[PDB]
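Here's the letter readout for the chains.
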Amino acid sequence: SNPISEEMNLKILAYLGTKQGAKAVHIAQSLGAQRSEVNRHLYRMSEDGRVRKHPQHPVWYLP
Amino acid sequence: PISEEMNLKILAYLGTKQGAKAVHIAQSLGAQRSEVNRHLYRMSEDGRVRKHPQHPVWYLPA
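Residues numbered from 1 in each chain as written, not as in the entry; some residues may be left out. Chains lettered and ligands numbered in written order. Heavy atoms only, no water. Residues with missing side-chain atoms left out of burial classes, pairs and counts.

The record deposited in the PDB is entitled "The crystal structure of the Zalpha domain from Cyprinid Herpes virus 3".

So, on to the overall build of chain A. Secondary structure assignment for chain A yields three helices and two strands. Each helix and strand of chain A, ordered N terminal to C terminal, gives the series α-α-α-β-β. With respect to the three principal axes, the spread of C-alpha positions in chain A is 35 × 30 × 25 Å. (Helix = DSSP H or I, 4+ residues; strand = E, 2+ residues; numbered from the N terminus.)

With that out of the way, let us pick up the pattern of salt bridges. Throughout the structure, instances matching the rule amount to five salt bridges over all chains. A salt bridge links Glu37 of chain A to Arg40 of chain A, with the nearest nitrogen and oxygen atoms 2.9 Å apart. Taken as a pair, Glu37 of chain A and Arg40 of chain A lie in helix α3 (residues 35–47) at a separation of three residues, close to a single helical turn. Given a relative accessible area of 24%, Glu37 of chain A falls into the partly exposed group. With a relative accessible area of 26%, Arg40 of chain A lands in the partly exposed category. Ionic pairing is found between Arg33 of chain B and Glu47 of chain A, a salt bridge with its closest N-O pair at 2.6 Å. On the criterion of chain membership, the pair formed by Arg33 of chain B in helix α3 (residues 33–45) and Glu47 of chain A in helix α3 is interchain, its members lying in two chains. (Salt bridge = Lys/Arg side-chain N within 4 Å of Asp/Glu carboxyl O. Buried < 20%, exposed > 50% of the residue type's maximum accessible area, 1.4 Å probe, protein only.)

A few words now on the interface of chain A and chain B. Facing 28 residues of chain A, the contacting portion of chain B comprises 27 residues. Across the interface of chain A and chain B, roughly 2,800 Å² is buried in total on both sides, 67% from carbon and sulfur atoms. In terms of surface lost to chain B, no three residues of chain A exceed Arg52, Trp60 and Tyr61 of chain A, which account for 32% of the buried area on that side. Seen at the junction of chain A and chain B, the total is one salt bridge. Here chain A is connected to chain B by nine residue pairs in polar contact. Broken down by secondary-structure element, the contributors of at least two residues to the side of chain A that touches chain B are α1 (6–17), α3, β1 (52–54) and β2 (59–61) of chain A. (Contact = heavy atoms within 4.5 Å. Buried area = accessible area lost by both parts, 1.4 Å probe. Polar contact = N/O pair within 3.5 Å; in protein donor to acceptor, adjacent residues only side chain to side chain.)

Moving on, we come to the nonpolar core. Residues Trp60 of chain A together with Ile10, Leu14, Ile25, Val36, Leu40 and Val49 of chain B are the most contacted members of the largest nonpolar core, which totals 16 residues. Broken down by secondary-structure element, the contributors of at least two residues to this core are α1 (4–15), α2 (22–29) and α3 of chain B. Among the elements that make up this core, the one with the highest residue count is α1 of chain B (five residues). (Core = buried A, V, L, I, M, F, W, Y, C linked by side-chain atoms within 4.5 Å.)

A few words on the packing of aromatic side chains. In this structure the tally under the stated criterion is three aromatic pairs over all chains. Both rings, one in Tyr43 of chain A and one in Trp58 of chain B, keep their centres 6.0 Å apart while their planes meet at 45°; by these two values the pair is tilted. Highlighted residues: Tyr43 of chain A in helix α3 and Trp58 of chain B in strand β2 (residues 57–59), drawn from two different chains. (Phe/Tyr/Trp six-rings, centres within 6.5 Å; stacked < 30°, edge-to-face > 60°.)

Written as structure tokens, this is what we have:
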């Protein structure tokens with residue numbers, strides 16, 4: 001595993017600031033980053049209340 | 001740190017429901033929400049679980 005990067009966090013935040021909101025795929029596309037790393041950073045940031053998401057809580061289920 | 005036992009407990013719980021939010025899963029399993037979410041997203045990567053909606057919209061708080 002690789003550690004969390006505050007630089008990536010800040011890049012994500014800068015991107016989101018310019019939008020009404022964005023899905024992780026678009027964030028990753030703009031940043032030229034992996035969607036997985038972007039998501040990984042988004043979750044952690046959400047824990048610190050640095051980002052939010054709609055809806056707040058998804059419903060999980062089985063395939 | 002991912003436990004397959006925790007994964008299986010989550011799956012067993014989700015099986016009996018139409019679906020559930022992480023808070024309810026955590027409370028039912030007697031676990032913390034953070035751990036449950038960790039396992040849920042890890043399993044999501046592997047396609048062992050899914051969520052509605054699949055792609056949330058992220059934004060900044062004010």
